[PDB]
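Asks: Before I ask anything, let me first share the structure, which is written out below as structure tokens.
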Amino acid sequence: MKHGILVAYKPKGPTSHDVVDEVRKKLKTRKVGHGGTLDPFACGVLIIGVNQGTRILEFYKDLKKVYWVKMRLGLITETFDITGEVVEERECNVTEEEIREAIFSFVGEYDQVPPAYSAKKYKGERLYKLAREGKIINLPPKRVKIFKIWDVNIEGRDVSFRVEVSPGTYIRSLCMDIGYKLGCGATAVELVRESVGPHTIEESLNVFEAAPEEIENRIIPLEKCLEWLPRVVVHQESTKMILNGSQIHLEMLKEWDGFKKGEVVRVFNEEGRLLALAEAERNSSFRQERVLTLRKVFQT
RNA sequence: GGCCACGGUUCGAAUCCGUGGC
């Protein structure tokens with residue numbers, strides 16, 4: 001029974017949950033989840049948690065992502081992709097200069113409204129559910145930031161490019177907005193998430209074509225997970241304490257590794273075991289004041 | 001853990017997580 005994260009590949013077609021089920025089918029379990037959904041029409045990196053690993057999934061939602069996208073100008077749908085049933089073709093007569101101009105005009109920060117077809121919630125129901133019932137929701141915008149755009153390739157009306165964006169950014173909205181700026185409209189047709197944080201699509205595995213063994217081996221152990229984030233070590237004695245509630249104090253730490261305030265921290269004992277993730281209560285300077293407050297404990 | 005309500009995450013998560021209650 002392994003416990004950790006699995007960098008999987010979601011083929012174009014099935015939903016993010018269809019991925020989980022596939023996994024939990026192979027590993028014969030139920031403790032399975034993902035740390036970030038991918039629209040069915042898209043494909044790429046999908047962080048999948050196994051057993052105790054599901055507990056750390058929430059930390060991947062804050063990682064930068066890298067997508068390769070291909071939108072089609074002059075196309076518009078209600079879902080912002082090619083799976084929409086209400087399409088509207090529009091005449092596109094813009095110069096490649098006007099296109100690239102619009103594309104890079106988005107590098108930076110802007111307020112992105114979430115597509116009505118999102119998993120966001122309004123009043124106990126999911127937007128995509130409400131949208132299908134005929135009620136479109138207009139949620140408040142989210143200041144999203146586009147870090148950079150590269151490998152732009154223009155072919156007639158099919159524009160394509162790579163982009164790195166902050167967490168919570170919708171590539172569907174990005175395209176729709178670029179199509180607006182261009183007046184002809186735009187719709188995402190192909191979307192490929194090349195990476196989430198440091199997890200590439202190369203390090204990924206197509207759980208749908210692999211066997212249990214193959215899937216098992218590719219699971220990263222809680223220790224090796226969340227490579228980013230500060231890691232502190234505690235004297236082998238204090239371990240039993242931590243595994244039984246108990247906050248962490250100065251006299252329990254053996255190594256520091258500077259960190260912030262409410263910043264998450266990894267807690268290792270001496271034998272080299274992840275004991276728990278905890279939020280700092282201070283900074284990182286030189287009395288038994290609780291210096292770290294538990295945030296999650298692992299009974300692997 | 002389980003059973004309810006509410007959120008989260010790039011859309012068909014009841015199924016994963018997180019918050020409240022028991």
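Just remember, in the structure tokens the first chain shown is A, the second B, etc., residues are 1-based per chain, and ligands are 1-based in the order shown.
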Using only C-alpha atoms (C1' of nucleotides), find which residues of chain B lie within 8 Å of chain A and jot them down as number ranges by chain.
Replies: B: 6-13, 16-17
Asks: May I have the residues from that selection written out with C-alpha atoms (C1' of nucleotides), as a PDB file, in the first residue's frame?
Replies:
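That gives us result-v2.pdb:
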```pdb
ATOM      1  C1'   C B   6     -21.533  24.782   2.695  1.00  0.00           C
ATOM      2  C1'   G B   7     -17.096  25.688  -0.467  1.00  0.00           C
ATOM      3  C1'   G B   8     -12.488  24.180  -3.518  1.00  0.00           C
ATOM      4  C1'   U B   9     -10.143  22.494  -8.147  1.00  0.00           C
ATOM      5  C1'   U B  10      -9.426  24.661 -15.973  1.00  0.00           C
ATOM      6  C1'   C B  11     -16.514  21.355 -17.059  1.00  0.00           C
ATOM      7  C1'   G B  12     -20.249  15.843 -16.362  1.00  0.00           C
ATOM      8  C1'   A B  13     -15.770  14.623  -8.109  1.00  0.00           C
ATOM      9  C1'   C B  16     -10.867  13.843  -3.850  1.00  0.00           C
ATOM     10  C1'   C B  17      -9.989  17.774  -0.763  1.00  0.00           C
TER      11        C B  17
END
```
Asks: Any chance you could list, as a VMD selection string, the residues in range 21-192 of chain A that come up strand (DSSP E or B) when DSSP is run on the backbone?
Replies: chain A and resid 32 to 34 43 to 50 65 to 73 75 to 76 81 88 to 89 108 to 112 121 126 142 to 155 158 to 165 186 to 192
Asks: As an NGL selection string, please: every residue in range 190-268 of chain A that a backbone DSSP assignment puts in alpha helix (DSSP H).
Replies: :A and (212-217 or 239-242)
Asks: Grab the CA of residue 142 in chain A to CA of residue 260 in chain A distance for me, in Å with one decimal place.
Replies: 24.9 Å
Asks: So that I can see what lies close to range 216-226 of chain A, please list as a CSV table (one decimal) with N, CA, C and O atoms, in the first residue's frame the residues with an atom at most 7 Å from it, counting only C-alpha atoms (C1' of nucleotides) and leaving out residues fewer than 5 positions away in the same chain.
Replies:
```csv
chain,number,residue,atom,x,y,z
A,3,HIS,N,1.7,5.3,-0.6
A,3,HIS,CA,1.0,6.5,-0.2
A,3,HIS,C,1.7,7.7,-0.8
A,3,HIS,O,2.9,8.0,-0.5
A,4,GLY,N,1.1,8.4,-1.8
A,4,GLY,CA,1.7,9.5,-2.4
A,4,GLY,C,1.0,10.1,-3.6
A,4,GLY,O,-0.2,9.9,-3.9
A,5,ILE,N,1.8,10.8,-4.4
A,5,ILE,CA,1.3,11.4,-5.6
A,5,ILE,C,1.8,10.7,-6.9
A,5,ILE,O,2.8,10.1,-6.9
A,6,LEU,N,0.9,10.7,-7.9
A,6,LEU,CA,1.2,10.0,-9.2
A,6,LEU,C,1.0,11.0,-10.4
A,6,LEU,O,-0.1,11.5,-10.6
A,53,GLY,N,-2.0,9.8,0.2
A,53,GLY,CA,-1.5,10.9,-0.7
A,53,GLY,C,-2.6,12.0,-1.0
A,53,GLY,O,-2.3,13.1,-1.3
A,273,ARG,N,11.6,10.3,7.9
A,273,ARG,CA,10.2,10.1,7.6
A,273,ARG,C,9.4,11.3,7.7
A,273,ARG,O,9.6,12.2,8.5
A,274,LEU,N,8.4,11.5,6.8
A,274,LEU,CA,7.6,12.7,6.8
A,274,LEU,C,6.6,12.4,7.9
A,274,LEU,O,5.8,11.5,7.9
```
Asks: Please provide as a PyMOL selection string all residues within 12 Å of residue 4 in chain B, with the sequence filter that same-chain residues fewer than 2 positions apart are discarded (counting only C-alpha atoms (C1' of nucleotides)).
Replies: chain B and resi 2+6+20-22
